[PDB]
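Right, one structure below, let's go through it.
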Amino acid sequence: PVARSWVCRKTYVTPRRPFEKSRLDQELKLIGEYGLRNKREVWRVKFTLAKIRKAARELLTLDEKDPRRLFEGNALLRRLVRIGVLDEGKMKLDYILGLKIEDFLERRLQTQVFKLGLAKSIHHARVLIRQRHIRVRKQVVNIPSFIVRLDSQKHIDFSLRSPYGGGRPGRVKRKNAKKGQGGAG
Amino acid sequence: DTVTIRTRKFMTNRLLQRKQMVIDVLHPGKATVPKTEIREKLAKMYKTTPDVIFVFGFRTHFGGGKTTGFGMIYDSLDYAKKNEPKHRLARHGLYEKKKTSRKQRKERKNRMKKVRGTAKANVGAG
Amino acid sequence: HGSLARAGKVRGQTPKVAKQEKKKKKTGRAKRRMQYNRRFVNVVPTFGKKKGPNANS
Amino acid sequence: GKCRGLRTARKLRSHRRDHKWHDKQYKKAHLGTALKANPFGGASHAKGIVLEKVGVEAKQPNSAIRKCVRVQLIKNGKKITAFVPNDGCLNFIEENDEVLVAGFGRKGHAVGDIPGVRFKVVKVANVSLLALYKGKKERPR
RNA sequence: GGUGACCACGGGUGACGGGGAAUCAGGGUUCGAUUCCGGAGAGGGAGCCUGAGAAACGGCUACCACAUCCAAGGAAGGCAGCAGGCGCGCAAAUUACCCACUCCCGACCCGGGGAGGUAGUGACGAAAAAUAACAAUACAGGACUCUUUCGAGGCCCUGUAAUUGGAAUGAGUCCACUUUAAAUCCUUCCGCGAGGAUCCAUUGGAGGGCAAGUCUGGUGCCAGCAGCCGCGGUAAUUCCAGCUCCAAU
Ligand SMILES: [Mg+2]
Ligand SMILES: [Mg+2]
Ligand SMILES: [Mg+2]
Ligand SMILES: [Mg+2]
Ligand SMILES: [Mg+2]
Ligand SMILES: [Mg+2]
Ligand SMILES: [Mg+2]
Ligand SMILES: [Mg+2]
Ligand SMILES: [Mg+2]
Ligand SMILES: [Mg+2]
C-alpha cells in the first residue's frame, strides 16, 4: 500500500522518421546557436511547445464567449508573457500557434547569462550556471535550462558568495597565491 | 555577528501550554547553525531561558544563505516533560529510554506465553 | 556433411594491430560544439561539388 | 456492398469478427497453436543443453556452412537448432554446457540463409558470446 | 411450464471484476494479476465451535491431499503476515532498524502493531544533469576597410596545436553542522582535491531502407556477412583487421 508518489511522465518525444538529415541539420544548429547539453534537450522544448500548441488548438475548436476558452486562454497566455514570449499583451490565443522553438530557448537561463553580458561566450554560461557562480534574486541557481520569468530578468547577477562577485578567491588562485607566500616568500 | 533569527507564524497554543513558530535562520558563508546556539539565541529573544525551547525541522536550501525550520516554547519544563515527545527531551540530556532493542522484546514476549502463570519463570525471562 | 574445423579461420589468421593512443576525445556537450563548429559556421567554404564528411581527398 | 443501416450494429460487429479468422497475424496470436507449437512457450528466450554441434548448409545462391547447435530445452525437452552467431564462436561452445538461446528477429521465420533455424545462441555457461568473442570475459572453469 | 439463433443451451480463456494504460490526425487496439474501489481463497473440500459480527484458518475435526519429533506407547504440521530458503524457472530485494509520522485495538495519554515508516538491494522505470571554459600566442581560415592582384589595418572570426597561461569548478576525500529515532541519505561548509600519459564514454553502425569513407591491411563462395534487399569465387565501398566519421549518446 505505502505512501509515495508515482505520476512520473516523460518530458520529451523522440522523432519518428529517425534520421531525415534535414531534421538533424536543423536540430544541430539549435545545439550550437545556443550551447545545448545534448540533442534531447531540443526535443524537450520541442515536446513542451507541442503541448502548448495542442492546448491552444484544443480551444480554437470551441465556440467563443464560452467559460472555458476565456478562462483557460487568459491563464495560458499569461503563462507565456509571464516567461517573456508573447509580448505587451499580444494575448489573444490564435497568435500562440505562430511561435517556434527559438523562443523557449531564448528564455532559458543559459542564454540570458551572455544576453546580459555576464558570461562571455555561450558555454561559459552553461559552465558558470553549473559552477554555482550566478544567482537569481537570492537563490543560487545550478540549472542551465531554468526558463526565466520576465520579472526575474534584472535580478540575474554574480553570486554574493562567488569569486567574481566577491569573497573567497577560488582554490586555484588561493593555491597559486600560497605558492608566492609559502613557496617563494 | 551575522545570524539574525527571524520567526514566522507564531501561535499562542493555550491548550498545549505553548508558544510555537517557524524559525527562519539567516546565515552567510558560515555553515548551518547548531540547535544549541539557536536555543540560547532564541532564549534571550523571548526571555524564557534556553531550557524551555525544543527545535527540530531545520532545512537549509542552495547558496547557504538561509535555513528554515520549526522551534517552540512551553511555559515550564514541568509541562515540557509532559506535552513534548521523547526524542526532543532525549535530544539533550534530560530524559532517556531503555536499550533492550526490539528483537530482544519480541523473542522474550513470544516466550512467557509458553510458561503458564508461575511468575518465577516469567521473571526467568531472557 | 561439412567440416567444423574451419570455425574461426579468419579472426584466427588476420594479423592483429595496436589500437594506438592519441586524443582522449572531447565529449558530452563540447563534442557537439566541435561538431556544429566544424561543419556549419567555420569552414563553409566555396562549394566543391558536395561534401564528403568522411570521404577521401 | 456493406450493410450500412442504423440498427445493424451487430451484423456489422459479427461481420468484422469472423472476417478476422481470415487474418493470418491474429490466427497466430488468438488461436492456440503458437503457444502449443513454439518450443519457446510464449517466452522471449529459453535455456537448454547443448547436445551436439551441427553445420548447416546455406540456401543455394549463397554457399557456406553455418555452424549451429542442436539444443534440448529444459522446460519442454523440445529440441532445436540454434545458429551460433559471429565468427569462430562455435569454437567456444562445447557439448553439454547450458546455453541461453533467444530468437532471430523474424519470430518464427527462419532468417535469410540458415534454412529452418529460428534460434540464436546468446549465453554459454553464464557468460554471453558478445563478451567471449570480444575477449572481455573468459571461459569459466 | 421457462430460454432460443435480438444466437440460448453447450465448449473454451495465457479471465479475480471495476476505477485506469500505452498507444494514439478523428474512430479504435490491446492491456489492466498493478497501491484506489469492489469480489474471492487460505494445499482441498466439508463441517464445525466460538462469536454482533465468521462458516473465521497466525482455531479446530476429519477425511483427502501434504509434511515434523519419538523412548514405536505416541506426538505436534500449515508463509497466498513480514523476513529467508528450496523448486520452478527467460524473468524479480535484507533472517536489516523502529513505533518518531498515519492509524487501530484495548480497561487505554502509558503497549503493541513486519498494519506502517526508515534504511539496504535495486539501468522495472521517470526528472535534472558534469564528462570542461576562457584569454593571449602560434597559426588555419572567412563577412568591413585597404589592395588591379600579391599584400596589409582590423573592428569580425573560427580550425588545430604550444598548453603559453593562469582562473573556475565540481566526482572524490573529509574537519564540522543539520537530519533523523540513530543514523544514513539529501541540503551547509571548514581542509585537501584538473595540465592528460589525466579524475579516460559506448554501442551499433558506416552499399540501401538509413545519417556515415569504391580510406588502408588480411581472406578469397572459406571463413564469414546480411531483420529484407545482399556481399564473399585474387584490387570486398559487404568478410576479419587498421585508421576516419555518424547517432544517439
Ligand atoms: Mg489451460
Ligand atoms: Mg502453499
Ligand atoms: Mg474466508
Ligand atoms: Mg476453512
Ligand atoms: Mg500464515
Ligand atoms: Mg525483471
Ligand atoms: Mg515495510
Ligand atoms: Mg532514465
Ligand atoms: Mg566521465
Ligand atoms: Mg545501411
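Protein chains in written order, with the working numbering: chain A, 91 to 275; chain B, 26 to 151; chain C, 1101 to 1157; chain D, 105 to 245.
Positions of the beta carbon are idealized from the N, C-alpha and C atoms, including for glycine.
The beta carbon of C:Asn1154 sits no closer than 9 Å to any beta carbon of chain A. For C:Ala1118, the nearest beta carbon of chain D is not closer than 9 Å to its own beta carbon. A:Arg239 has no beta-bridge partner at all, per DSSP. Judged by DSSP in its simplified three-state form, D:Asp122 adopts helix. Taking a Cβ-Cβ threshold of 8 Å, none of the residues of chain A is close to C:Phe1147; the smallest such distance is about 16 Å. The alpha-carbon separation between B:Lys106 and B:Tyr120 amounts to approximately 9 Å.
A direct Cα-Cα distance of roughly 54 Å separates D:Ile153 from A:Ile233.
Taking C-beta atoms as the reference points, B:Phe83 and B:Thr92 count as a pair closer than 9 Å. Separation of the CB atoms of A:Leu183 and A:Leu167 is rounded to 6 Å, and the pair is thereby assigned contact status at 8 Å. Segment contact: the stretch 208-216 of chain A against the stretch 155-175 of chain A, fewer than three CB-CB distances shorter than 8 Å; contact not assigned.
The beta carbon of A:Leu126 sits closer than 9 Å to some beta carbon of chain C. Taking the Cα positions, C:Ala1105 is about 26 Å away from D:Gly207.
Our two residues, A:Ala146 and A:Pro253, have alpha carbons roughly 45 Å apart in a direct line.
Within the stretch 73-105 of chain B, those residues whose Cβ lies closer than 9 Å to any Cβ of chain A are, in chain order, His86, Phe87, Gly88, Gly89, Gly90, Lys91.
Interface flag for A:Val230 against chain B is set, since a Cβ pair is found closer than 9 Å. Within chain A, the residues whose beta carbon sits less than 7 Å from that of C:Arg1133 are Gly122, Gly125, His213, listed in sequence order. Across the structure, B:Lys34 and B:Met97 are spaced so that their CA atoms are roughly 11 Å apart. Bridge pairing for D:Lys157: D:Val173 [DSSP]. Taking a contact as a CB-CB distance under 8 Å, the pair D:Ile184 and D:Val205 counts as one, their CB atoms being some 7 Å apart. The C-beta separation of D:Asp191 from C:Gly1102 comes to about 16 Å, leaving the pair out of contact by the 8 Å criterion. Close CB contacts of D:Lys128 within its chain, under the 8 Å cut and outside five residues either way in sequence, are absent. Straight through space, the alpha carbons of D:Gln176 and D:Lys182 are spaced by roughly 5 Å.
Residue contact check for D:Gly220 against chain C: no CB pair falls below 9 Å. Taken in chain order, the complete alpha helix (DSSP H) segments of 4 or more residues contained in the stretch 202-240 of chain A are 212-220.
Taking every protein chain shown into account, the CB of A:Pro91 has fewer than 16 other CB atoms within 10 angstroms, so this residue is exposed. By the rule that beta-carbons nearer than 9 Å mark a contact, D:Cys107 does not touch chain C.
Neighbours of B:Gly54 in chain A, taken as residues whose beta carbon is under 8 Å from its own, are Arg251, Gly257, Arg258 in chain order.
Ranking A:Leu126, A:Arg130, A:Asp241 by CA distance to the CA of A:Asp177 puts A:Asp241 first.
DSSP places A:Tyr102 outside both helix and strand once states are collapsed to three, so it counts as coil. For A:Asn266, the enclosing alpha helix (DSSP H) starts and ends at 261-268. Among the residues facing chain C, D:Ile184 is not included, as its CB has no counterpart in that chain under 9 Å away. Going by DSSP, D:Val215 is part of no beta strand (DSSP E) at all; its letter is neither H nor E. Fully contained in the stretch 121-162 of chain A are the following alpha helix (DSSP H) runs of length 4 or more, in chain order: 130-150. By the neighbour-count definition (other C-beta atoms within 10 Å, threshold 16), A:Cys98 is an exposed residue.
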